[PDB]
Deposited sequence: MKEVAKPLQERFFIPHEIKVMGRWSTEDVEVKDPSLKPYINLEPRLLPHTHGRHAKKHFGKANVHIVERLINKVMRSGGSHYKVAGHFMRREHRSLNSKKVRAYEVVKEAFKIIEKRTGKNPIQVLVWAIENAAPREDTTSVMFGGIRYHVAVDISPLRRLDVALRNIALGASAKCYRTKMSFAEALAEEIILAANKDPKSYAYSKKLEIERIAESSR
C-alpha cells in the first residue's frame, strides 16, 4: 500500500497514453521495484537493502528539491527518457548498418530506468555526490527534459538514430 513505507501513488499521474497501461501504481510493473533493481546492478560501493536505501534517500531529496511526490517525478523522468523507437545494428562486411525497430512498452521503461541508474552511477563515481544525490539529480534533470540528463540525452540520441535509419 505504501511505497518504501512512506509514499502513496494514488495521486500520481501517467499522462503518456502509451505507457499508462504498463506502469503499475497499485499496492503490491512496479517501477520503484524496477528502479531499485537497476540501481542494484549499477554500483555505489545485502545488495538489495543497499539499493533500497539509495532509492529511498534519493526520493527524499527529490521531494525536497522539487516539492513534489518523488514517484511522480520519477514517472516524468521515465516518460521523458523512454525512446518511442529503437534500432538494431547489423555490421556485415566492413560497414555497420542501423535499422529502426519496434521497442515494446516494457522495454521502453527498462531502457529509461537503466539509463537513469547508469547516469546516476556515473556521476557518483566521478563527483562529490553520494549515489542518492546523483540519482535524485539525474531523475530531476530527466523530468525537466534537460540535456544535462544522461537518460534524456540518450533518449534523444536513440530516436535521432532511429528516425534517420528509416
Sequence ranges without modelled C-alpha atoms (deposited numbering): 1 to 17, 46 to 63, 81 to 97
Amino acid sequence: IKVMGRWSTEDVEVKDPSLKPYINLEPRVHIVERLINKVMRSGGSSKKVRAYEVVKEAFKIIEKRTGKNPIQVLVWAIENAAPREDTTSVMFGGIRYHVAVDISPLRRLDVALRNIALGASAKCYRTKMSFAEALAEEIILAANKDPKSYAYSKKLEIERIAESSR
From here on, numbers count along this sequence of modelled residues.
Comparing 97 to 105 with 54 to 62, the one whose average Cα B-factor in the PDB entry is higher: 97 to 105
Greater mean Cα temperature factor according to the PDB record, 32 to 40 or 136 to 144: 32 to 40
In this PDB entry, which of 127, 45, 115, 121 has the top CA B-factor? 45
Highest-ranked of 151, 19, 25, 158 once sorted by CA temperature factor in the record: 25
